[PDB]
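Listing of work21.pdb; format and content: PDB, C-alpha atoms.
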ATOM      1  CA  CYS A  51      -8.041  -9.771  31.191  1.00  0.00           C
ATOM      2  CA  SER A  52      -7.801 -10.025  27.423  1.00  0.00           C
ATOM      3  CA  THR A  53      -6.500 -13.024  25.508  1.00  0.00           C
ATOM      4  CA  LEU A  54      -4.231 -13.426  22.510  1.00  0.00           C
ATOM      5  CA  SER A  55      -5.530 -14.244  19.027  1.00  0.00           C
ATOM      6  CA  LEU A  56      -3.031 -16.675  17.536  1.00  0.00           C
ATOM      7  CA  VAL A  57      -2.684 -16.684  13.751  1.00  0.00           C
ATOM      8  CA  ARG A  58      -0.996 -19.456  11.780  1.00  0.00           C
ATOM      9  CA  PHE A  59       0.633 -18.476   8.498  1.00  0.00           C
ATOM     10  CA  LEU A  60      -0.807 -21.546   6.763  1.00  0.00           C
ATOM     11  CA  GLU A  61      -4.499 -20.869   7.428  1.00  0.00           C
ATOM     12  CA  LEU A  62      -3.850 -17.483   5.834  1.00  0.00           C
ATOM     13  CA  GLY A  63      -4.659 -17.688   2.140  1.00  0.00           C
ATOM     14  CA  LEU A  64      -1.452 -15.810   1.299  1.00  0.00           C
ATOM     15  CA  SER A  65       0.626 -18.950   1.979  1.00  0.00           C
ATOM     16  CA  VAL A  66      -0.177 -20.059  -1.584  1.00  0.00           C
ATOM     17  CA  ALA A  67       2.384 -17.494  -2.780  1.00  0.00           C
ATOM     18  CA  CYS A  68       5.436 -19.187  -1.240  1.00  0.00           C
ATOM     19  CA  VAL A  69       6.629 -22.756  -0.741  1.00  0.00           C
ATOM     20  CA  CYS A  70       8.009 -22.811   2.794  1.00  0.00           C
ATOM     21  CA  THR A  71      10.258 -25.784   3.551  1.00  0.00           C
ATOM     22  CA  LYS A  72      12.181 -26.227   6.782  1.00  0.00           C
ATOM     23  CA  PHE A  73      15.942 -26.690   6.462  1.00  0.00           C
ATOM     24  CA  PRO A  74      17.516 -27.377   9.869  1.00  0.00           C
ATOM     25  CA  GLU A  75      21.219 -26.810   9.132  1.00  0.00           C
ATOM     26  CA  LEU A  76      20.656 -23.603   7.160  1.00  0.00           C
ATOM     27  CA  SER A  77      23.355 -21.674   9.042  1.00  0.00           C
ATOM     28  CA  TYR A  78      26.014 -24.113   7.802  1.00  0.00           C
ATOM     29  CA  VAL A  79      25.224 -22.951   4.259  1.00  0.00           C
ATOM     30  CA  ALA A  80      27.058 -20.180   2.408  1.00  0.00           C
ATOM     31  CA  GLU A  81      25.769 -18.468  -0.741  1.00  0.00           C
ATOM     32  CA  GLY A  82      23.960 -21.212  -2.625  1.00  0.00           C
ATOM     33  CA  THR A  83      22.314 -21.078  -6.030  1.00  0.00           C
ATOM     34  CA  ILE A  84      19.631 -22.714  -8.157  1.00  0.00           C
ATOM     35  CA  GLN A  85      20.053 -23.752 -11.783  1.00  0.00           C
ATOM     36  CA  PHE A  86      17.966 -23.089 -14.897  1.00  0.00           C
ATOM     37  CA  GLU A  87      17.705 -24.261 -18.495  1.00  0.00           C
ATOM     38  CA  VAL A  88      15.262 -23.055 -21.153  1.00  0.00           C
ATOM     39  CA  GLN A  89      14.658 -23.871 -24.808  1.00  0.00           C
ATOM     40  CA  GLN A  90      13.037 -21.568 -27.323  1.00  0.00           C
ATOM     41  CA  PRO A  91      10.636 -22.829 -30.008  1.00  0.00           C
ATOM     42  CA  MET A  92      11.866 -21.820 -33.444  1.00  0.00           C
ATOM     43  CA  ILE A  93      10.079 -21.111 -36.722  1.00  0.00           C
ATOM     44  CA  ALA A  94      11.472 -22.194 -40.091  1.00  0.00           C
ATOM     45  CA  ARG A  95      11.962 -19.049 -42.153  1.00  0.00           C
ATOM     46  CA  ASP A  96      11.738 -19.061 -45.938  1.00  0.00           C
ATOM     47  CA  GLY A  97      13.185 -17.560 -49.098  1.00  0.00           C
ATOM     48  CA  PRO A  98      14.407 -13.999 -48.478  1.00  0.00           C
ATOM     49  CA  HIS A  99      15.282 -14.770 -44.852  1.00  0.00           C
TER
ATOM     50  CA  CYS B  51     -61.948   8.818  31.182  1.00  0.00           C
ATOM     51  CA  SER B  52     -58.325   8.151  30.255  1.00  0.00           C
ATOM     52  CA  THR B  53     -55.760   5.609  31.425  1.00  0.00           C
ATOM     53  CA  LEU B  54     -51.966   5.456  31.543  1.00  0.00           C
ATOM     54  CA  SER B  55     -49.710   3.367  29.301  1.00  0.00           C
ATOM     55  CA  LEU B  56     -47.260   1.448  31.452  1.00  0.00           C
ATOM     56  CA  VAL B  57     -43.818   0.790  29.974  1.00  0.00           C
ATOM     57  CA  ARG B  58     -41.267  -1.800  31.095  1.00  0.00           C
ATOM     58  CA  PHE B  59     -37.616  -1.037  30.400  1.00  0.00           C
ATOM     59  CA  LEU B  60     -36.550  -4.640  29.773  1.00  0.00           C
ATOM     60  CA  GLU B  61     -39.293  -5.028  27.147  1.00  0.00           C
ATOM     61  CA  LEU B  62     -37.606  -2.161  25.284  1.00  0.00           C
ATOM     62  CA  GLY B  63     -34.624  -2.863  23.044  1.00  0.00           C
ATOM     63  CA  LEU B  64     -32.418  -0.138  24.496  1.00  0.00           C
ATOM     64  CA  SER B  65     -31.651  -2.614  27.301  1.00  0.00           C
ATOM     65  CA  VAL B  66     -29.099  -4.351  25.043  1.00  0.00           C
ATOM     66  CA  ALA B  67     -26.962  -1.251  25.599  1.00  0.00           C
ATOM     67  CA  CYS B  68     -26.206  -1.891  29.276  1.00  0.00           C
ATOM     68  CA  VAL B  69     -25.985  -4.686  31.832  1.00  0.00           C
ATOM     69  CA  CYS B  70     -28.172  -4.070  34.883  1.00  0.00           C
ATOM     70  CA  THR B  71     -27.702  -5.344  38.431  1.00  0.00           C
ATOM     71  CA  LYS B  72     -29.284  -4.759  41.835  1.00  0.00           C
ATOM     72  CA  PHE B  73     -26.759  -3.642  44.471  1.00  0.00           C
ATOM     73  CA  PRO B  74     -28.778  -2.515  47.519  1.00  0.00           C
ATOM     74  CA  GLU B  75     -25.484  -1.622  49.266  1.00  0.00           C
ATOM     75  CA  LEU B  76     -24.768   1.153  46.744  1.00  0.00           C
ATOM     76  CA  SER B  77     -25.197   3.823  49.423  1.00  0.00           C
ATOM     77  CA  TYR B  78     -22.275   2.080  51.167  1.00  0.00           C
ATOM     78  CA  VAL B  79     -19.565   2.084  48.475  1.00  0.00           C
ATOM     79  CA  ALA B  80     -16.798   4.685  48.433  1.00  0.00           C
ATOM     80  CA  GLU B  81     -14.903   5.586  45.258  1.00  0.00           C
ATOM     81  CA  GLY B  82     -15.250   2.318  43.348  1.00  0.00           C
ATOM     82  CA  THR B  83     -13.342   1.179  40.284  1.00  0.00           C
ATOM     83  CA  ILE B  84     -12.781  -1.647  37.816  1.00  0.00           C
ATOM     84  CA  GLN B  85      -9.589  -3.096  36.361  1.00  0.00           C
ATOM     85  CA  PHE B  86      -8.069  -4.098  33.024  1.00  0.00           C
ATOM     86  CA  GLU B  87      -5.193  -6.307  31.893  1.00  0.00           C
ATOM     87  CA  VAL B  88      -4.684  -6.145  28.124  1.00  0.00           C
ATOM     88  CA  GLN B  89      -1.593  -7.367  26.275  1.00  0.00           C
ATOM     89  CA  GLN B  90      -1.092  -6.397  22.642  1.00  0.00           C
ATOM     90  CA  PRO B  91       0.631  -8.661  20.108  1.00  0.00           C
ATOM     91  CA  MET B  92       3.951  -7.844  18.448  1.00  0.00           C
ATOM     92  CA  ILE B  93       5.764  -8.843  15.261  1.00  0.00           C
ATOM     93  CA  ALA B  94       9.477  -9.616  15.201  1.00  0.00           C
ATOM     94  CA  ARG B  95      11.520  -7.588  12.720  1.00  0.00           C
ATOM     95  CA  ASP B  96      15.085  -7.726  11.459  1.00  0.00           C
ATOM     96  CA  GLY B  97      17.688  -4.982  11.357  1.00  0.00           C
ATOM     97  CA  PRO B  98      20.241  -3.562  13.784  1.00  0.00           C
ATOM     98  CA  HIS B  99      17.744  -2.430  16.424  1.00  0.00           C
TER
END

Mind turning this structure into structure tokens?
Amino acid sequence: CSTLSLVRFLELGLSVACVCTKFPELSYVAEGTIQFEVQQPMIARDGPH
Amino acid sequence: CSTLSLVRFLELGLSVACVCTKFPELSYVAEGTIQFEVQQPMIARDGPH
């Protein structure tokens, strides 16, 4: 009789790609979002500009 | 005069191919079998099916 070979997602090296976090009342959540804000470094032009 | 080179099967390396056993009742076995119980894994998928 054979046996199973259990694999855990964490021992897999691929888990580095994603940050899994458990969230128990996930089904109570409708379409949520995440925010962002970004600056842009600026150069000081000169003369004919 | 010449002599004969004895050879012992277990001292060969081909023995690692098969397991050997002594069953002196072999003349007394009818159609004989073995068994197997294997169980493959499975991954859960989404979708309508």

With 5 Å added on each side, what axis-aligned box encloses every listed atom of region 61-71 of chain A? Give the centre and edge lengths in Å to one decimal, as lines of an AutoDock Vina configuration file.
center_x = 2.8
center_y = -20.8
center_z = 2.3
size_x = 24.9
size_y = 20.0
size_z = 20.2

Convert the output of the PyMOL selection byres ((chain B) within 7 of (chain A)) on the shown file into explicit residues, formatted as a VMD selection string.
-> chain B and resid 86 to 89

Record the distance separating CA of residue 65 (chain A) and CA of residue 94 (chain B), expressed in Å with one decimal.
->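 Straight-line distance from CA of residue 65 (chain A) to CA of residue 94 (chain B) works out to 18.4 Å.
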
Can you list, as a PyMOL selection string, every protein, DNA or RNA residue that comes within 12 Å of residue 60 (chain A) when you count only C-alpha atoms, leaving out same-chain residues fewer than 5 positions away?
-> chain A and resi 65-70

Filtering to C-alpha atoms, could you give me those residues as an mmCIF file, in the coordinates of the input?
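Full text of selection20.cif as output:
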data_model
loop_
_atom_site.group_PDB
_atom_site.id
_atom_site.type_symbol
_atom_site.label_atom_id
_atom_site.label_comp_id
_atom_site.auth_asym_id
_atom_site.auth_seq_id
_atom_site.Cartn_x
_atom_site.Cartn_y
_atom_site.Cartn_z
ATOM 1 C CA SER A 65 0.626 -18.950 1.979
ATOM 2 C CA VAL A 66 -0.177 -20.059 -1.584
ATOM 3 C CA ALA A 67 2.384 -17.494 -2.780
ATOM 4 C CA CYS A 68 5.436 -19.187 -1.240
ATOM 5 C CA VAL A 69 6.629 -22.756 -0.741
ATOM 6 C CA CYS A 70 8.009 -22.811 2.794
#
